[PDB]
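First comes the structure, then the notes that go with it.
Every number here is computed from the coordinates shown, using simple stated rules; none is lab data. Positions of Cβ are backbone-derived with ideal geometry, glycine not excepted, and every protein chain shown enters the neighbour counts.
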Protein chains: 4
Amino acid sequence: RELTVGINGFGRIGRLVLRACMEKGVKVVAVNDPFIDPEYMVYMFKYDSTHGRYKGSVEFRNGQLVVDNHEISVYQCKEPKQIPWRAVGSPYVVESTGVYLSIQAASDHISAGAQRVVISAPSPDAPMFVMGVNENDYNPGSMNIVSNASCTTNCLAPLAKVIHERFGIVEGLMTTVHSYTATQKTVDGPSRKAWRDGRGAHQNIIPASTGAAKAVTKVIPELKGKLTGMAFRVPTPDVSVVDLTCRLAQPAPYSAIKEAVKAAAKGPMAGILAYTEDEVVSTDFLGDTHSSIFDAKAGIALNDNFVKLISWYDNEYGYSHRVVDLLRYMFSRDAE
Amino acid sequence: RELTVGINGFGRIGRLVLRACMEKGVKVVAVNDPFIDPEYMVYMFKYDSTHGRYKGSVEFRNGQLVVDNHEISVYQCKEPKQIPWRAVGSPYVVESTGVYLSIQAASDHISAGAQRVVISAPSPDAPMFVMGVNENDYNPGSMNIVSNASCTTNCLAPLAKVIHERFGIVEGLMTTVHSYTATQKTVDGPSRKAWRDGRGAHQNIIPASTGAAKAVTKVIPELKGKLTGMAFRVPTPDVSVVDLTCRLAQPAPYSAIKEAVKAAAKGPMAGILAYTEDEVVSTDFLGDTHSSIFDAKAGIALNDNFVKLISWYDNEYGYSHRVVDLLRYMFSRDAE
Amino acid sequence: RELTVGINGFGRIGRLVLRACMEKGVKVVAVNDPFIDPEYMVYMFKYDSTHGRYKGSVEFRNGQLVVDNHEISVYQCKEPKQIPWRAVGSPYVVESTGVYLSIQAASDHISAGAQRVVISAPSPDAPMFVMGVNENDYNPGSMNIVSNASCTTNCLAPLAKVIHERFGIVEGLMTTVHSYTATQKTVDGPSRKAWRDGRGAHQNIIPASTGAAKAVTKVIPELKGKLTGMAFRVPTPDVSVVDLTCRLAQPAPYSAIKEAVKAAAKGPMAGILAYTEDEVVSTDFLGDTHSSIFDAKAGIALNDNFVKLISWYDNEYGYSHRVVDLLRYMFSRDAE
Amino acid sequence: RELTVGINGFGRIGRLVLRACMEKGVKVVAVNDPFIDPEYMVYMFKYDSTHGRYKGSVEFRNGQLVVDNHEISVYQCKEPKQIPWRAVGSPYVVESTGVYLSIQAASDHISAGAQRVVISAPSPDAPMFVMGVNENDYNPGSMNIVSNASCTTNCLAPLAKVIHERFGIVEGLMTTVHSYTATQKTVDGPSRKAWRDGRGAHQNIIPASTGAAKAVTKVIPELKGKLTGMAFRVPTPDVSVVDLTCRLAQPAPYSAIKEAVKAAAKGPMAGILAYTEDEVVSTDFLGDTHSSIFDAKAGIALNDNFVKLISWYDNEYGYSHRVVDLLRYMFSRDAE
Ligand SMILES: NC(=O)c1ccc[n+]([C@@H]2O[C@H](COP(=O)([O-])OP(=O)(O)OC[C@H]3O[C@@H](n4cnc5c(N)ncnc54)[C@H](O)[C@@H]3O)[C@@H](O)[C@H]2O)c1
Ligand SMILES: NC(=O)c1ccc[n+]([C@@H]2O[C@H](COP(=O)([O-])OP(=O)(O)OC[C@H]3O[C@@H](n4cnc5c(N)ncnc54)[C@H](O)[C@@H]3O)[C@@H](O)[C@H]2O)c1
Ligand SMILES: NC(=O)c1ccc[n+]([C@@H]2O[C@H](COP(=O)([O-])OP(=O)(O)OC[C@H]3O[C@@H](n4cnc5c(N)ncnc54)[C@H](O)[C@@H]3O)[C@@H](O)[C@H]2O)c1
Ligand SMILES: NC(=O)c1ccc[n+]([C@@H]2O[C@H](COP(=O)([O-])OP(=O)(O)OC[C@H]3O[C@@H](n4cnc5c(N)ncnc54)[C@H](O)[C@@H]3O)[C@@H](O)[C@H]2O)c1
């Protein structure tokens, strides 16, 4: 009858997914987090260092979180298999813990009663979707567990689609200058799997690997072999920027690039890709719901066939809105 | 024969304790950390965001850390009881994990072969020592497990001793404006035991409780009932400041306060308490080995009996040196 | 007929005063800033690193700034005497440049045609007002040029008034942990008048003098001789906190302190002083319009007569609102 | 007889140039800064937020700065033409104010008695030099006034020279993720010439233009038309990184790129270009004297002909050393 949602992991993305759901009239029926009891959830949801106080009412009673009079069951389970999704009637589950990334790890939600799962991160094997790029690849009958890619991939893929369809990308290399996140440390500490990520996040420009540019070639297969990249983590709490250096097949004077991006923004990618010529900086995108905001004046061309294109994203807020848009899209299609 | 040391928990304090030991010719024979293998220890020890590259040679071989040609056994045990302290011959153990604070929790080191333990933090029950204040209270025959207090207590106690002995402290209230630490978060996340400490460390002035001012009254009993305080955590990676507002028994014109602090610095507290009149700010104390640096010009008096006194400390580096000074003192006394 | 306002110096305060004036329906008829032409004023007004995009329309035409269809004359004069206030019909002028602080310096606005001047900072000699504390001391016939004090004074004075009137303040010493401002530097540079204020704002805890605590004894003369204080500047862009350590005449158990503050907040100081028991940190007060937000749980008492009281303020936003409230009050009273 | 130096503008570069000169035994005979009297110069020189306390003695007497017993005349002139260079016997002048960039502007030093001028920034017209790249283009008889380029150019040019000479650069596009500097603001303020640079430095990723990548094609003319780039300013106080995305003529497997860079570092560019494979972040280069430190593991290749190369630089310290190396080179050659 209606889209109902459950959120596993009430972190940055989990909480801002809940905000996005409220803004978009999507029913959340449960939140599970083992480290956050209902009264503490109220606090964490209401006050936000980056995105301000929640505009609305937040309370708890009866082991529930109450947002603007909508009651939300709260569970405290450490593993997906333990979560009582059947109790709240087979909701679509957002898997936002960061620790259950494979189809196998995620499927424990399905066996615990979830109708679908959207992993809020890239998956080694779940099929991957970027709204505005390949969401039509979703198959209601055969895809119980999907991935909504990364924030970075949601920024690059829409831009890469427009540039590729208009000019042809021969080859590209991406850098994202990216805000620090929850996986990083306040001071130099242990990160055995990626030593540089242990270094103090507030003190350092930190190079990091990312699969996000390659991930674009999974959602736009015709770019296979033509894109990769890396990241720098820097001392800002939110908002990131993509810097795509690409070699183009057809002549691409910069005025022609701008006309293509503007047309995409105003039409087939309205709400996903935005276009600006203002003299913006990162804080200007706090709370912006777009996946990718093309910065006309920040980019530079060496010539008509070799350009550096710049596009912003609120990696927390934009991505969280895409999770909700993907959920809603899945549901309309699952009515087939 | 000689002081030998083992370090449990190769974090900020563990690593800077090792630096301090090298600077002071103290033999470290083992480091245990379950999350840091020998080759990774080399990296973590050599490069430091706050205190620069280690000036010397750092390498590994044979499952050992080699600092300036001194070989250090590396263990990888998750619990004190598992650590083979007997293997390296009953060393004095620095317990710097932050998780083994009681006499009971710490004593597992003794049963695993440690001669003594210095907990690098306040303890609910271990006796507590501040070099320059009460280290003579140490009893070789009856104190296997001690605490070296907190960084803040090592800053306040020496100042409080001088002011109290010269003027009489009727009552005092302390604020420490304190750098963020490893227990804090890069972005708003879970801190169930102290909700405010979960809020993004780089973004916020964060009020926090601290027992450090009261802890001064344990190491200077005559101040019992006369001191307490609180903290603000702020967006700096190291160096903190004590702001002691006190009501004094005898007239204390500020010139008289300065003469007392200077005399203590030049004599009975040389190396522990320092005195400055320069126009300093926090970065000026990076790497400073003193427990407490009195800032003459930052303080203000309402009158001769009510004053606000300001004193700095490198909470990482100064404290780490005091751990080493306490170890060395214990050892000279344990020869009795 | 109506309150009309001119702003001299379209900086942090100047711009946020315009925001406050729009929010409160107060007519701004001109802005003067020699370093900001109208088109640039649109940009600076529209986008704000700390307080988000202006919610409304911002444009320029005909050498005017147009905010939500209200047209604002823009002047570009380097000195008050040069500004054509007569042209926009004798407005009340906000003097927010930071450089015209005395009666003598500010009186050039009056001779250039301003009806009144409110200096957005303490003055060596203009009379000083804190809304909710002493605004009734304003005399329409004899005070052309007034001061609205500092952000810090506006935070401390209302709290001090409540505490003094209920319990009696014997003596007090204040610290404010304060966000950096426009007078500070990005990296170590020249500050000949106050050397510490030249040191990098983002890197340091910086001790600073402030007359703000003494200024409270100007606006509450019964506190003369009983209050002073100092400041620490820290690496946050906005929001500050007052820490008042005070000896009280009547017993003041903390529960009684809280009832006094809550009753003031609900009644005679509604909108000026607020009361909270939530686990707040500084970002929680971004955009808060109160002069003072008492933090119940952050404060600490040594005993019933010696307490540390903690109160927050958005130094930029709250203060800017008080400028507008003072303008509006001056005008209703100037109708006499 | 000997190289003697005068510094105009005792800022970040000016002060660190004096540090470099002490480290390298180069005689500084005068410093001019109108905003810094001798006693204040002691303070600014002695204490440094980013590079620690000066290791040595710093004092003033007789209107002189005394660093390690070397006496330095201090002048206080607002314009080059006013400075008494003749009084200290025709020194080589470092022009580090940021405001006298042209041949015409800088030539007032020559007529005020300077033997040579090195402008510590790019010039619209002075010839430009990068040590290790084109210093041999200097002509003692015809070049009174030269430029030492920018920090960024000094990082990119040596790397570009190596890569171009080994593999051929077809085309390249550079991004530098760059620490904030003295021209930026603590909070959103006026930057009429470049609006984005006015936005709060500590809060934002800020896109900026830079001529630095083009400037490399001035110092390596064979790259004309083949290189340009842009910048992001980010919230770190010092140390920056170059990200060069380039198409190469000959196949360049990454292993071959690394051997070329290592062989340059060990040989013809010893001291200018360094090579690392450690897991470094920006603070790891504080105080590093190299112009360029190639980060082997941070770079990424799409294929053998399309690569992203990553190289670090302490924009303050490394560049300052190059000023001193250029002075010393100019002098040995001026003996002709
Ligand atoms: N923050 C961003 O910019 C962003 C953007 C896109 C994708 N992502 C991805 O979203 C996922 C979550 O990221 P985040 O930034 O919200 O991290 P976070 O640390 O803020 O979120 C983790 C939350 O999940 C909880 N949790 C941990 N283990 C759990 C378990 N076993 N069961 C239930 N809950 C558990 C934690 O309490 C925490 O509240 C990660 O894969 C991350 O890569 C993050
Ligand atoms: N950093 C300071 O300013 C400071 C000052 C005084 C006291 N302290 C105290 O020192 C203690 C350590 O603080 P820190 O700042 O070094 O924290 P940290 O996070 O830097 O140190 C923790 C280290 O111990 C390791 N560890 C965790 N659990 C372990 C276990 N079970 N067995 C062995 N090792 C384990 C972690 O890998 C980490 O390397 C804490 O009690 C802290 O309160 C810190
Ligand atoms: N920011 C705060 O937290 C705060 C709070 C309370 C009071 N104040 C006071 O408000 C005053 C302004 O503060 P701010 O933070 O907005 O500073 P700011 O530097 O942000 O604003 C100053 C503005 O004045 C302009 N200006 C400079 N000289 C001028 C002149 N001669 N004529 C006209 N305009 C000129 C500049 O262009 C700039 O836009 C200062 O006295 C400050 O002490 C600031
Ligand atoms: N900081 C870096 O990373 C860096 C690197 C390479 C080049 N540069 C260039 O070096 C030059 C100086 O840079 P900075 O970062 O040291 O700036 P800064 O602002 O730190 O130093 C400028 C100094 O010049 C002084 N000054 C101003 N006007 C003067 C005048 N008329 N006469 C004499 N002194 C005057 C100021 O008092 C200040 O001490 C600029 O051109 C800058 O582009 C900077």
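Below is a table of values for the structure above.
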{"read-out": "DSSP-loop GluC sites (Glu not before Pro) across region A:190-280, with at most 13 other Cβ within 10 angstrom", "value": "A:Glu277"}
{"read-out": "Shape of chain C, Cα gyration tensor, a/c cut at 1.5", "value": "prolate"}
{"read-out": "Proximal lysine pairs, region C:184-336, alpha carbons under 14 Å, eight or more residues apart or interchain", "value": "9"}
{"read-out": "Simple Cβ-charge dipole of chain D, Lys/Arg +1 and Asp/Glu -1, about Cα centre, in debye nearest 20", "value": "460 debye"}
{"read-out": "Per-pair calculated FRET efficiency, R0 = 60 Å: D:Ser102 and B:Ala194 via Cβ, rounded to 0.05", "value": "0.55"}
{"read-out": "Calculated Rg and Dmax of region C:16-103 using C-alpha coordinates, Å", "value": "13.0, 36"}
{"read-out": "Label distances, nm, A:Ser209 versus same residue in remaining copies, Cβ-directed 7 Å point", "value": "3.9, 4.4, 5.7"}
{"read-out": "If the convex hull is drawn through the Cα atoms of region C:49-181, its volume per residue in Å³", "value": "175 Å³"}
{"read-out": "Cα-centre dipole for the protein assembly as shown with unit charges at Cβ (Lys and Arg positive, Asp and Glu negative), debye to 20", "value": "0 debye"}
{"read-out": "Cα-based radius of gyration of region B:121-169 once divided by 2.2 N^0.38 Å, which approximates compact folds", "value": "1.24"}
{"read-out": "Percent antiparallel among DSSP beta bridges (both partners in region C:149-315, rounded to 5)", "value": "65 percent"}
{"read-out": "Helical mean residue ellipticity (222 nm; -39500 (n - 2.57) per DSSP H run of 4+; nearest 500) of chain D", "value": "-8000 deg cm²/dmol"}
{"read-out": "Region B:258-267 - phi-based ³J(HN,Hα) in whole Hz, Karplus 6.51/-1.76/1.60, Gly and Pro as x", "value": "4, 4, 5, 5, 4, 5, 5, 4, 7, x"}
{"read-out": "Percent of C-alpha pairs per 5 Å bin, region A:145-290, short to long", "value": "2, 9, 17, 19, 20, 15, 10, 5, 3, 1"}
{"read-out": "Pseudo-label separations to other copies for C:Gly25 - Cα-to-Cβ vector, 7 Å, nm", "value": "3.1, 8.0, 8.1"}
{"read-out": "Residues with amide H under 5 Å from that of C:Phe60, placed H, sequence gap 5 or more", "value": "C:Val66"}
{"read-out": "Under the Karplus curve 6.51 cos²θ - 1.76 cosθ + 1.60, θ = phi - 60°, whole-Hz ³J(HN,Hα) for region A:142-149, x wherever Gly or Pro sits", "value": "10, 10, 6, 10, 10, 10, 9, 6"}
{"read-out": "Relative contact order [Cα under 8 Å, 6+ residues apart], chain C, whole percent", "value": "16 percent"}
{"read-out": "Against the rule of thumb 2.2 N^0.38 Å, how large the Cα Rg of region B:185-266 comes out", "value": "1.46"}
{"read-out": "Vicinal HN-Hα couplings computed from phi for region B:72-79 (Karplus, 6.51 cos²θ - 1.76 cosθ + 1.60; Hz; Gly/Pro x)", "value": "10, 5, 10, 10, 9, 9, 7, 9"}
{"read-out": "Neighbour-count ranking [beta-carbon atoms within 10 angstrom, fewest first] of B:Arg247, B:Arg86", "value": "B:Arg86, B:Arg247"}
{"read-out": "For region B:215-336, alpha-carbon Rg over 2.2 N^0.38 Å", "value": "1.15"}
{"read-out": "Fewest-first sequence of A:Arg192, B:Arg233 by Cβ atoms within 10 Å of each Cβ", "value": "A:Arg192, B:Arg233"}
{"read-out": "Sites D:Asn62 and A:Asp137 - FRET efficiency at Förster radius 60 Å, r taken between beta-carbons, to 0.05", "value": "0.15"}
{"read-out": "Gyration tensor verdict on region A:137-231 (Cα atoms; rounded if a/c is under 1.5, prolate if a/b is larger than b/c, oblate otherwise)", "value": "oblate"}
{"read-out": "Mean projected area in nm² (Cα convex hull; one quarter of hull surface) for region C:293-336", "value": "5.0 nm²"}
{"read-out": "Label-to-label distance, nm, for residues given as A:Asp125 and D:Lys55 (7 Å Cα→Cβ offset)", "value": "5.6 nm"}
{"read-out": "Normalised contact order of region A:149-315, rounded percent, pairs of Cα under 8 Å and 6 or more residues apart", "value": "28 percent"}
{"read-out": "Inter-chain Cβ neighbour average for residues D:166-174, partner chain, 10 Å", "value": "3"}
{"read-out": "Global size of the protein assembly as shown as Cα Rg and Dmax, reported in angstrom", "value": "31.7, 93"}
{"read-out": "Sequence of A:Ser332, C:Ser123, D:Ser292 once ranked by neighbouring C-beta atoms within 10 Å, starting from the fewest", "value": "A:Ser332, C:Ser123, D:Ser292"}
{"read-out": "Amide H contacts under 5 Å for D:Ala208, placed H, 5+ residues apart", "value": "D:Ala231, D:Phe232, D:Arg233"}
{"read-out": "B:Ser147 long-range amide H proximity, modeled H, under 5 Å", "value": "B:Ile119, B:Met128, B:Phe129"}
{"read-out": "Surrounding net charge for A:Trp312, when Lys and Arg each add one and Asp and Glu each subtract one, Cβ distance under 9 Å", "value": "-4"}
{"read-out": "Charge tally in the Cβ shell below 12 Å around C:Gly14, where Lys, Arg are +1 and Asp, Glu are -1, C:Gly14 excluded", "value": "-1"}
